[PDB]
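First the structure, in the form of structure tokens, and then the observations on it.
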Amino acid sequence: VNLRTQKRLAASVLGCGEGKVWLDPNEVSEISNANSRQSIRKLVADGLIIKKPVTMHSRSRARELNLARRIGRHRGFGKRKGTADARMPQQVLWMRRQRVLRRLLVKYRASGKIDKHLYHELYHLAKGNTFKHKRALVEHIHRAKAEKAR
Amino acid sequence: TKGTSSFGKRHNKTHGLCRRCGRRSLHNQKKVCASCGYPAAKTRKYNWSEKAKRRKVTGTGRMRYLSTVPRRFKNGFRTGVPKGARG
Amino acid sequence: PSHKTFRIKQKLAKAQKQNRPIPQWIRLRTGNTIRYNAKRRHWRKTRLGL
RNA sequence: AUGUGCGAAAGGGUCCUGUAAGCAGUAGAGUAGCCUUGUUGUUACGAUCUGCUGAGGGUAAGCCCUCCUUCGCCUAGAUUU
RNA sequence: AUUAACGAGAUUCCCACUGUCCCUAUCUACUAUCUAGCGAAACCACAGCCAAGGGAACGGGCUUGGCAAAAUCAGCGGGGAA
RNA sequence: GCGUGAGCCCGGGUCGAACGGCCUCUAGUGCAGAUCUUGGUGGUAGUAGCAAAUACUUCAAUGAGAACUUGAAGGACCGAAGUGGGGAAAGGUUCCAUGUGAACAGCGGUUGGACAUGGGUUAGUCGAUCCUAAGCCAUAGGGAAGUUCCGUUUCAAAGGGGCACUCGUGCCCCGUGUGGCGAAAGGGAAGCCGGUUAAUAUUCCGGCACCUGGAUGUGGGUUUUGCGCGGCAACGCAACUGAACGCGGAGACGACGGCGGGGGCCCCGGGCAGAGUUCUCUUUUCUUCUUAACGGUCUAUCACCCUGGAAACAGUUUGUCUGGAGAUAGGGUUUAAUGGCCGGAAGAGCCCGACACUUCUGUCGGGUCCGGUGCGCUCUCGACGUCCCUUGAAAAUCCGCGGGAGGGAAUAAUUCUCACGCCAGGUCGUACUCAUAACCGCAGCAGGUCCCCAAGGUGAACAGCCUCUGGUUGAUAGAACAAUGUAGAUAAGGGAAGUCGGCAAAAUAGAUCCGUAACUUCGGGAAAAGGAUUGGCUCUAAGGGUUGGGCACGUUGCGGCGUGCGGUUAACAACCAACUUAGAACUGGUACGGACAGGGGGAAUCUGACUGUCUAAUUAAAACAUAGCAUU
RNA sequence: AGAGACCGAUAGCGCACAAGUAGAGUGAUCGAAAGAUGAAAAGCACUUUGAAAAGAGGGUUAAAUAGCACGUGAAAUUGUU
Ligand SMILES: [K+]
Ligand SMILES: [K+]
Ligand SMILES: [K+]
Ligand SMILES: [K+]
Ligand SMILES: [K+]
Ligand SMILES: [K+]
Ligand SMILES: [K+]
Ligand SMILES: [K+]
Ligand SMILES: [K+]
Ligand SMILES: [K+]
Ligand SMILES: [K+]
Ligand SMILES: [K+]
Ligand SMILES: [K+]
Ligand SMILES: [K+]
Ligand SMILES: [K+]
Ligand SMILES: [K+]
Ligand SMILES: [K+]
Ligand SMILES: [K+]
Ligand SMILES: [K+]
Ligand SMILES: [K+]
Ligand SMILES: [K+]
Ligand SMILES: [K+]
Ligand SMILES: [K+]
Ligand SMILES: [K+]
Ligand SMILES: [K+]
Ligand SMILES: [K+]
Ligand SMILES: [K+]
Ligand SMILES: [K+]
Ligand SMILES: [K+]
Ligand SMILES: [K+]
Ligand SMILES: [K+]
Ligand SMILES: [K+]
Ligand SMILES: [K+]
Ligand SMILES: [K+]
Ligand SMILES: [K+]
Ligand SMILES: [K+]
Ligand SMILES: [K+]
Ligand SMILES: [K+]
Ligand SMILES: [K+]
Ligand SMILES: [K+]
Ligand SMILES: [K+]
Ligand SMILES: [K+]
Ligand SMILES: [K+]
Ligand SMILES: [K+]
Ligand SMILES: [K+]
Ligand SMILES: [K+]
Ligand SMILES: [K+]
Ligand SMILES: [K+]
Ligand SMILES: [K+]
Ligand SMILES: [K+]
Ligand SMILES: [K+]
Ligand SMILES: [K+]
Ligand SMILES: [Mg+2]
Ligand SMILES: [Mg+2]
Ligand SMILES: [Mg+2]
Ligand SMILES: [Mg+2]
Ligand SMILES: [Mg+2]
Ligand SMILES: [Mg+2]
Ligand SMILES: [Mg+2]
Ligand SMILES: [Mg+2]
Ligand SMILES: [Mg+2]
Ligand SMILES: [Mg+2]
Ligand SMILES: [Mg+2]
Ligand SMILES: [Mg+2]
Ligand SMILES: [Mg+2]
Ligand SMILES: [Mg+2]
Ligand SMILES: [Mg+2]
Ligand SMILES: [Mg+2]
Ligand SMILES: [Mg+2]
Ligand SMILES: [Mg+2]
Ligand SMILES: [Mg+2]
Ligand SMILES: [Mg+2]
Ligand SMILES: [Mg+2]
Ligand SMILES: [Mg+2]
Ligand SMILES: [Mg+2]
Ligand SMILES: [Mg+2]
Ligand SMILES: [Mg+2]
Ligand SMILES: [Mg+2]
Ligand SMILES: [Mg+2]
Ligand SMILES: [Mg+2]
Ligand SMILES: [Mg+2]
Ligand SMILES: [Mg+2]
Ligand SMILES: [Mg+2]
Ligand SMILES: [Mg+2]
Ligand SMILES: [Mg+2]
Ligand SMILES: [Mg+2]
Ligand SMILES: [Mg+2]
Ligand SMILES: [Mg+2]
Ligand SMILES: [Mg+2]
Ligand SMILES: [Mg+2]
Ligand SMILES: [Mg+2]
Ligand SMILES: [Mg+2]
Ligand SMILES: [Mg+2]
Ligand SMILES: [Mg+2]
Ligand SMILES: [Mg+2]
Ligand SMILES: [Mg+2]
Ligand SMILES: [Mg+2]
Ligand SMILES: [Mg+2]
Ligand SMILES: [Mg+2]
Ligand SMILES: [Mg+2]
Ligand SMILES: [Mg+2]
Ligand SMILES: [Mg+2]
Ligand SMILES: [Mg+2]
Ligand SMILES: [Mg+2]
Ligand SMILES: [Mg+2]
Ligand SMILES: [Mg+2]
Ligand SMILES: [Mg+2]
Ligand SMILES: [Mg+2]
Ligand SMILES: [Mg+2]
Ligand SMILES: [Mg+2]
Ligand SMILES: [Mg+2]
Ligand SMILES: [Mg+2]
Ligand SMILES: [Mg+2]
Ligand SMILES: [Mg+2]
Ligand SMILES: [Zn+2]
């Protein structure tokens, strides 16, 4: 008995690959009489032709390592292969910081904590490498208004 | 790399089928047949090859009209029908 | 190729109608000398020139 | 070809590595919860450490012993002088 | 005539390194090797054990001696002026 | 048996249609050699060999016969710059089904791209057909004995548009110009989803659309003084006359860099179904949860408009541009959906469950949700920037405008680019392969041959290594382990003593932190040279986003606001989210870029400045080219 | 159309035959091999062994020492006796 035609027809009807088609080993004579696509469907309904499941591929170990690195477990000096700028480029660090600092100054000026003359002077100070982060800018503003009070 | 490697790059055609003689001898870019000389009015023929002349001389084809002239000459190029024929 | 012209299509049709063996009753005629077909062509053996 | 026989296992000896899985602990840098607020207060997480443990694994394929462990086999078939 | 940088460009020395060497040993895979199946080519006057002699001045064959016992397998690189 | 000899004669066997002696005549008349010509056949010899691309094993069935046929079950490889899914050139039936003695598949064969008999390619929307490019060829003319050479707008009387016809015959305008071929990757009118076959499908069936050309009628629009209204404006609205002649726009264009928006893929959390594991653990691991063309409606950078008038200058990008030639601010208009919602459309497709059913046949229930994240990958759009002694096609075709020729109603008229309605769309290609077997290399040859799509982990990464979907298990086999080999490797002590010559091999190598000479065209040399660290576990610190802010009047089913104010919380509270960097303790046979991946260095001489190029198949160089300089 | 002191299938034209054919080359062009069963197919009915190809009997013929691998059937080279 030659069943090459039946296996090819089954894959098209089941919508799978020919490596996922199962033919009943004890009904080869009955299966060999199926020559049309209609007869293949009837043998699928009766349970002589089934589609096999996929092979296992799990990401359990992958997302386990990800969580351990959120608390700093696998990021030592013996675990780095690229350069510092390849892992975290400096241009991205600079671009983030300028957007953070410029977002704050617009917020203060809109509410009223500062006026435009102080806004302009702080803006060009931030363009220079003056304020290290958000905290440094806020402390500088408080001292500036304290001396302006006198 | 001349030889086996270079032979793999041959996938174009210098000549196609001629409309007058039927051989694959029509040059694709020049549009001139290398065998019968189409589209000139005369047919290409040279006296330094007797073999080539005999391959296409009169009598190598069908002679659709010329083969019935000797019979008409022998009877005098007459017209009409034989005496009291019907029709 | 799938792209063809009508002249090439006409040629390919004739080449396969001329590729069948001789009938059997030809071999029983009086004074016959034909044994087989001496002009058989195969796509894997001889290349036809367009 | 009945034997101090031949074969397949097993037990012991000899060598090689280096202390198995499992369970437990007043061991463990610390952390997060819950209560009567403890002299070990408990519940959860924890590389590793300690005990059972010179243990576990392998060992003739061209290592040794077994009348003192178990199971099987055997006085042919063919050719020639 | 000089000359920084550059070079799968030629040359000499130094440090490190090693079976390149003293001096050679051992292991793995595929062959070769044996079997079943399948199955070529180059080449070939006739052939195929030597020593000396003379000879076209370096013989497988001639002359005088040495000798000399079926059919065969794996390798080898002296000769066949291969 | 005869003859010195070339030769002649007879006996026996096989066989089946013509042949000889003697004298003259006549010639394509006698073979061992020519590396002689054509054909046939030996030894070598059952010999050399049939060894790149990791690999097969068990049971059953078929059959005279099974390592290389089919089913199931194991073990493996390709590892998304694939041994996957589709195409262009080229081939031409190699595609599908049934069957089969020989020959072919360098072993076998029940199998085959082989052999025999039948079957298979469906378009107004995908192409060709239309346009022009580099180029090729006609016409006017000039050469040449001539086959023919040049010439493409020229030293040419070179065209096209309208109106009635009694009925074609007849009238009237404009005129500088006047051929064709040439792209299945350039330019260009129009189709999407689901199903269906042994073999075709954006082509067949069902549903739902679109384009061009041709005729045409209803509804609506305009006009009673003739060809529409609104907005300060940018402009809007279902329409809303427009000939000759002319102006403009689209077609229509380079390479590279960072940044922002959108679709698809990847990743994380929850829920409903189904499956795998369960000595112990795991609210656990894996799979499905979809939405087309064509339309409606609300929005989305640039830019433009109105008010007003800026120095204590302001606005503002990751990247310094913008503004009295009018900024900030307040309010508007508009190019641009692959964005949200609705029609299409759940009736489809997909996942579960329960009954029928020899077949013919099926039938019925459920479900088909909700969020997050990013220097992620891929395609597309936008605003910016850099480079040039380099500035990056043409034509067909379609639209707007300037002008005002002609024509038209007061009961009808309307050459209204608005809605709906009627008819038609010819011809050729379409199967299959696109390569360790369908193309070219004499062949089923480790060679060569233009593209599209592109998953998880480690990691800087399209590096190497392992896996999922999909695909293979095909390269003659069985047994044994001699020499000599080809390919892969390790050696005590010495360390180039070997050799023409360190040829081959070994040694170094990622990342972080220190340190770095002579010389120099000041740019380099430079990763110069030379050092130290790196695992696991338990902790600590730093780098962000969104939403809230107190009174006094009036309106509104805690109101949301029209306001008059007051104020800068000595910056507080709640919620949300990935990664990157720095420090400490503990721990181990001191090991930790633990595989993969991965520079040896220095002091000098000769010579060419550098980057580039050549003898396809023995020479890659000091040879050629080059910028600069000089001469004619 | 008629002839010959011509050739007799490696000769005579390249071709006595489905020959300017099959086949090679991008192309111009290059270009073969291959005649004969018997007077007549009367071209082997039946039985038996074999999966089949075929063998052994038995038939036709004047002859199968003529079976379509077909008149006669030499040498090189090979098997048995
Ligand atoms: K233990
Ligand atoms: K112990
Ligand atoms: K060089
Ligand atoms: K050998
Ligand atoms: K053999
Ligand atoms: K001698
Ligand atoms: K002699
Ligand atoms: K006789
Ligand atoms: K043999
Ligand atoms: K192999
Ligand atoms: K393989
Ligand atoms: K068409
Ligand atoms: K139609
Ligand atoms: K066509
Ligand atoms: K057409
Ligand atoms: K042109
Ligand atoms: K002329
Ligand atoms: K085109
Ligand atoms: K069909
Ligand atoms: K109306
Ligand atoms: K209107
Ligand atoms: K273009
Ligand atoms: K983008
Ligand atoms: K994107
Ligand atoms: K996206
Ligand atoms: K991802
Ligand atoms: K469309
Ligand atoms: K100003
Ligand atoms: K930047
Ligand atoms: K790309
Ligand atoms: K008018
Ligand atoms: K098709
Ligand atoms: K197709
Ligand atoms: K193709
Ligand atoms: K990856
Ligand atoms: K990788
Ligand atoms: K060996
Ligand atoms: K060996
Ligand atoms: K040396
Ligand atoms: K020397
Ligand atoms: K290191
Ligand atoms: K010198
Ligand atoms: K160079
Ligand atoms: K060379
Ligand atoms: K070179
Ligand atoms: K040169
Ligand atoms: K100079
Ligand atoms: K001949
Ligand atoms: K040919
Ligand atoms: K007789
Ligand atoms: K007989
Ligand atoms: K005979
Ligand atoms: Mg920088
Ligand atoms: Mg050409
Ligand atoms: Mg009549
Ligand atoms: Mg001698
Ligand atoms: Mg001598
Ligand atoms: Mg000799
Ligand atoms: Mg002698
Ligand atoms: Mg040798
Ligand atoms: Mg020798
Ligand atoms: Mg006769
Ligand atoms: Mg002669
Ligand atoms: Mg001879
Ligand atoms: Mg002689
Ligand atoms: Mg051999
Ligand atoms: Mg092989
Ligand atoms: Mg070999
Ligand atoms: Mg195999
Ligand atoms: Mg691999
Ligand atoms: Mg693999
Ligand atoms: Mg097939
Ligand atoms: Mg078949
Ligand atoms: Mg074979
Ligand atoms: Mg065979
Ligand atoms: Mg077969
Ligand atoms: Mg065939
Ligand atoms: Mg089209
Ligand atoms: Mg011309
Ligand atoms: Mg002329
Ligand atoms: Mg054209
Ligand atoms: Mg195109
Ligand atoms: Mg229409
Ligand atoms: Mg107008
Ligand atoms: Mg929708
Ligand atoms: Mg929309
Ligand atoms: Mg503004
Ligand atoms: Mg809807
Ligand atoms: Mg449904
Ligand atoms: Mg197909
Ligand atoms: Mg392909
Ligand atoms: Mg190949
Ligand atoms: Mg081929
Ligand atoms: Mg990573
Ligand atoms: Mg073998
Ligand atoms: Mg070696
Ligand atoms: Mg050593
Ligand atoms: Mg040592
Ligand atoms: Mg040393
Ligand atoms: Mg070397
Ligand atoms: Mg260094
Ligand atoms: Mg140096
Ligand atoms: Mg140079
Ligand atoms: Mg060379
Ligand atoms: Mg070379
Ligand atoms: Mg004659
Ligand atoms: Mg002959
Ligand atoms: Mg002849
Ligand atoms: Mg004969
Ligand atoms: Mg017989
Ligand atoms: Mg006879
Ligand atoms: Mg014979
Ligand atoms: Mg004979
Ligand atoms: Mg003989
Ligand atoms: Zn021609």
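The sequence lines fix the lettering, A, B, ..., with proteins before strands; numbering per chain opens at 1. In what follows, every heavy atom counts, from backbone to side chain, and hydrogens, waters and symmetry copies are set aside.
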Could you tell me if F:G594 and F:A595 pass the stacking criterion of ring centres under 5.5 Å and planes under 30°? no
Looking at F:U433, which nucleotide sits across from it as a Watson-Crick or G-U wobble partner, both distances under 3.5 angstrom, or is there none? F:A90
Who pairs with G:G2 - Watson-Crick or G-U, where each distance is under 3.5 Å: none
Assigned glycosidic conformation for E:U63 [threshold 90° from 0]: anti
Partner lookup for G:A32, please. Criteria are Watson-Crick or G-U wobble with both distances under 3.5 angstrom; report none if nothing qualifies. none
Taking only the side-chain heavy atoms of A:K42 (C-beta and beyond), determine which of F:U568, F:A460, F:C360 contains the nearest atom. F:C360
Would you classify F:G92 as syn or anti? Syn applies when the glycosidic angle is within 90° of 0. syn
Could you tell me which nucleotide pairs with F:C428 by Watson-Crick or G-U wobble geometry, both distances under 3.5 Å, or answer none if nothing does? F:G127
Take C:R40 and A:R73, find for each the nucleotide of RNA chain F with the closest heavy atom, and name the residue whose nucleotide sits nearer the 5' end. C:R40
Can you find a side chain N or O atom of C:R41 that sits less than 4.0 Å from OP1 or OP2 on G:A22? no
Pair partner, F:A419 [Watson-Crick or wobble, under 3.5 Å]: F:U218
Distance check needed: F:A72 P versus A:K7 NZ, whole Å only. 4 Å
Taking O4'-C1'-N9-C4 for purines and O4'-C1'-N1-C2 for pyrimidines, is G:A45 syn (within 90° of 0) or anti? anti
Is the base of F:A625 stacked on the base of F:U626, judged by six-membered ring centres under 5.5 Å apart and planes under 30° apart? yes
Please state whether the base of F:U316 and the side chain of A:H124 form at least one donor-acceptor pair under 3.5 Å? yes
Look at the side chain of A:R59 and decide which nucleotide, out of F:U320, F:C268, F:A311, has an atom nearest to it. F:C268
Looking at F:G264, which nucleotide sits across from it as a Watson-Crick or G-U wobble partner, both distances under 3.5 angstrom, or is there none? F:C377
When syn is taken as a glycosidic angle within 90 degrees of 0, is F:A578 syn or anti? syn
Closest listed nucleotide, where the reference is the side chain of A:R102 and the choices are F:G319, G:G27, F:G544: F:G319
Parallel, tilted or perpendicular, as decided by the 30° and 60° cut-offs, for the rings of A:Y119 and A:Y123: tilted
Look at the side chain of A:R69 and decide which nucleotide, out of F:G71, F:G459, F:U430, has an atom nearest to it. F:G459
Identify whether A:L125 and A:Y108 are in the same connected component of the hydrophobic contact network (ILVMFWY, side-chain heavy atoms under 4.5 Å). yes
If you take the six-membered rings of F:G236 and F:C237, are their centres closer than 5.5 Å and their planes within less than 30° of each other? yes
Whole angstroms only, please: what is the CZ-P distance between B:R55 and G:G31? 8 Å
Touch class at under 4.0 angstrom, heavy-atom based, for C:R7 against every strand present: nothing
Candidate nucleotides F:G113, F:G459, F:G536, ranked by approach to the side chain of C:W43 - the nearest: F:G113
With the side chain of C:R35 defined as its heavy atoms from C-beta on, choose the nearest nucleotide among F:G545, F:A72, G:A69. G:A69
Pick one for F:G594: is it syn, with its angle within 90° of 0, or anti? syn
Could you tell me whether the side chain of A:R96 has a donor or acceptor atom within less than 3.5 Å of a complementary atom in the base of F:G544? no
Assign each of A:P53 and B:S5 to its nearest nucleotide of RNA chain F by heavy atoms, then name whichever residue's nucleotide is nearer the 5' end. B:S5
Paired with F:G562: which nucleotide, if any, by Watson-Crick or G-U wobble criteria at under 3.5 Å for both distances? F:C553
Quick test of the criterion, 5.5 Å between centres and less than 30° between planes. Is C:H3 stacked on F:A184 or not? yes
Between atom NZ in A:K79 and atom P in F:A460, what is the gap in whole Å? 11 Å
As a test of reading the structure: which of F:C468, F:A199, F:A460 is closest to the side chain of A:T55, going by heavy atoms? F:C468
If you only use heavy atoms from C-beta on, which nucleotide in F:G260, G:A28, F:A72 is closest to the side chain of A:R99? F:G260
Label F:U122 north or south, basing it on the sign of the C1'-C2'-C3'-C4' dihedral. south
Answer yes or no as to whether F:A312 has its base stacked against A:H117, where stacking requires a ring-centre separation under 5.5 angstrom and planes under 30 degrees apart. yes
Of all of residues 8-21 of chain A, which get a heavy atom below 4.0 angstrom from RNA chain F, listed by number? A:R8, A:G17, A:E18, A:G19, A:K20, A:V21
What's the closest nucleotide to the B:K13 side chain, out of F:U285, F:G91, F:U316? F:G91
Tell me whether the bases of G:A63 and G:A62 count as stacked, where stacked means ring centres under 5.5 Å and an interplanar angle below 30 degrees. yes
Under 5.5 Å between six-ring centres and under 30° between planes, true for F:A133 and F:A134? yes
Donor-acceptor pair present, C:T5 side chain and F:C428 base, under 3.5 Å: no
Using Watson-Crick geometry (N1-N3 plus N6-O4 or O6-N4) or G-U wobble (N1-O2, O6-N3), each under 3.5 Å, D:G62 is paired with none
Going by 5.5 Å between centroids and 30° between planes, is there a stack of A:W94 over F:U318? no
Set out, line by line, the N/O atom pairs under 3.5 Å between protein and nucleotides 617-620 of chain F.
unit_1 : atom_1 : unit_2 : atom_2 : d
F:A617 : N7     : B:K2   : O      : 3.2
F:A617 : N6     : B:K2   : O      : 3.0

Separation of F:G195 atom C1' from A:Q38 atom CD, nearest Å, is 13 Å
Looking at F:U430, I'd like to know if its phosphate oxygens (OP1 or OP2) sit under 4.0 Å from a side-chain N or O belonging to C:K4. yes
Of the nucleotides F:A578, F:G545, F:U70, which one has an atom closest to the side chain of A:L3? F:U70
